[PDB]
């Protein structure tokens, strides 16, 4: 009721204060989701998150607060899907018990993307990835699990077919298994690239020099290049890997530096 109009005003103040477009988008959907929610406990959380976001200037913490508001408003009350509430709780518990902000960002992003996909394969993959991350305290392993879970959920949100999503699932297993063996973060980023390539049905060429590992992806169009870039850049930021991006027409060139 009264909180919904206050949430819209608080979300408007954040949009005008900051210039980060991702913060402005998160503030937008936080106001949209809150207006469609009648639960008072949901509205008080997203308003409490928006108020603390206005008390801060650090864009990394404002994004995290906004991600909590989006996830809770997406599935944080009764009359929501029981499986969506489980995934929301797993990401919130994993984020509360972690120190690295990239683990907090990855856990919330992966959960939000899985709920919006409405795909049963994406819901179970992210659910099992969050439980696997909670079972260990290896922050380096947790960051690789969340990067793979988020990129896989993006494929479902983007509308990947069941056949291509299944091939992408086999790479999710391979990436997680390779992270538990201590594989370098560069090879884990290369696996994210391969996951998105098979998930969208295109091809890739890998030219390995040992120093400049370059991947050339052909046949991608506008929406596909945005989804691929969002998944790979998110993984690189969580793994601490420097990546160079170049696109031209329907081709995307990705260089993974150590």
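Positions refer to the first chain, counted from 1.
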query: Mean C-alpha B-factor comparison - 122-130 and 75-83, higher one; finding: 75-83
query: Selected stretch [higher average CA B-factor]: 52-60 or 193-201; finding: 52-60
query: Residue 7 - which third its CA temperature factor falls in, relative to the rest of the chain; finding: middle
query: Chain third (lowest, middle, highest) by recorded CA B-factor, residue given as residue 242; finding: middle
query: CA B-factor ranking of residue 226, expressed as a third of its chain; finding: lowest
query: Ranked against its chain, the third holding the CA B-factor of residue 99; finding: highest
query: CA B-factor ranking of residue 30, expressed as a third of its chain; finding: highest
